[PDB]
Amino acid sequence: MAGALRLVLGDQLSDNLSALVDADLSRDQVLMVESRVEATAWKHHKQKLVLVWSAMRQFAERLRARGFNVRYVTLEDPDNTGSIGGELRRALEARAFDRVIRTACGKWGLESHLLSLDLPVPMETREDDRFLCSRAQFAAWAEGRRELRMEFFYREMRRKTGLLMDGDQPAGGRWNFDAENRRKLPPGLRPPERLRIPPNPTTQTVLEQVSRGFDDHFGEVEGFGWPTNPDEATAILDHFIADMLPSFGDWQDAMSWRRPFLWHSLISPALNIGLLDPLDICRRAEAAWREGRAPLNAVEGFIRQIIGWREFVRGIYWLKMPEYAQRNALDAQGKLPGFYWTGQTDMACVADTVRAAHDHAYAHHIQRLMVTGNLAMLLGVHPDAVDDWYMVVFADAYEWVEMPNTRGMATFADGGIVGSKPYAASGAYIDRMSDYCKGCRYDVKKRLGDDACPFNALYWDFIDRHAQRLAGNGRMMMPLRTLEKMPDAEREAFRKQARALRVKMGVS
């Protein structure tokens, strides 16, 4: 009789959100809050603040155009209590409501808090059915499995969604086309220019507000080019499918100095706040293969990242929280080096990754994994400090997707739940996959001395340190044998080198 209060959070900017689907436009009200609690829980990159608040403001206008009564509480409002819970209470004092309806969110701590709120009306929490696997479906799949392997989850999602299925068989006769012959770019191949979205008038307004009011947050705002509404996001997606997808598979793991985008889709910051739909993106990519515009290996590689990795890490997060966020399997206790924030390091690969984070709030997957993620793991940085960095510096970072990729896949702080084996690597890997080392001050062919690439001694120290644990893992057989044949003097030398580096870098 009085209507429902419907909450929409900053990463829920979708017409099809479960909290909106059955609204009574004549009686109901939508609440959206620009919340300083959420904006300072981590000190997010300036560009992430611009993206979320610009997109929120535009989504509110789209709802109003459709006939919704929207209560929009801006960051400038002098009565704004600052928190989601406080603003819910205040909305419930302003007029009569029958219930609150909301969609379960993407942060365990906020979800736990909202479920415990004492409110004068009932609250109904609906699952976020924008994702392709529900929380209960992942738990059912995971029951009774001694280890959770993404590849077997991926096969189930292929069958459930029907993507790249010809009848009951996978297209092409294999599930996966992952190649092992990944290489760096040929010396003459210049990566293509990428479409960036110039700030529209709403985004320009938010840009000025963030510059003036959050000047202490990490990162540059100049040159902001992320999409902030479904039209802008669709343009980015069209550009990727038409222009980039045919080469997606060839260069998925390559790195190139000062070319942070390469052939990646650049859609995660829009997808993670709801401006694009995961099933629609995948259908678009499948159609490009079916109609002869992209090869199957590229399209399968792309889809696997969305219905395989993205749904899998979300499943692990809700299955294992809150204990997951407390695990520190390798007892890492070091500090994060200051160059993660300033970029002021002679390691050319690290400096470039930090530069991309500062200027664009983006780096692609192998850079996050094998450069700054691997380095943090080898240094022994406390996982809390690594999660903080990955949450701050990237525009696509939300806890449900950051934490299993960071505490799990990149640093092995979860002891192998997400990724099975540590992704440890020496400089030889970065040299094989990038053009960084020819321009670097350090010599990637050396392990000891002031000119040695720091990854090389750090890698062997890490293997040495954890040799008993990594033994019986199964997938570390080759490094452990190599270490085993090393005379004690060789091992003592790289131990003392690794110790020196941790001091030089401010870790210990």
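A residue's number is simply how far along the shown sequence it sits, counting from 1. Note that the rigid core is defined as the largest set of C-alphas that superpose within 1.5 Å between two forms.
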{"property": "Between 179 to 187 and 226 to 234, larger RMS Cα displacement in 4 other deposited structures of this protein after core fit", "result": "179 to 187"}
{"property": "Greater root mean square CA deviation, 58 to 66 compared with 470 to 478 in 4 other deposited structures of this protein, core aligned", "result": "470 to 478"}
{"property": "119 to 127 or 335 to 343, whichever carries the higher mean Cα B-factor", "result": "119 to 127"}
{"property": "Selected stretch [higher average CA B-factor]: 151 to 159 or 269 to 277", "result": "151 to 159"}
{"property": "Highest recorded Cα temperature factor - choice among 193, 396, 399, 300", "result": "193"}
{"property": "Residue of maximum C-alpha B factor among 37, 30, 55, 483, per deposited coordinates", "result": "483"}
{"property": "Third assignment of residue 304 from its chain's C-alpha B-factors", "result": "lowest"}
{"property": "Position of residue 98 among the chain's modelled residues by C-alpha B-factor, lowest, middle or highest third", "result": "highest"}
{"property": "Residue 383 - Cα temperature factor, lowest/middle/highest third of chain", "result": "lowest"}
{"property": "Assigned third (lowest, middle, highest) for the C-alpha B factor of residue 8", "result": "lowest"}
{"property": "Third of the chain, ranked by Cα B-factor, where residue 390 sits", "result": "lowest"}
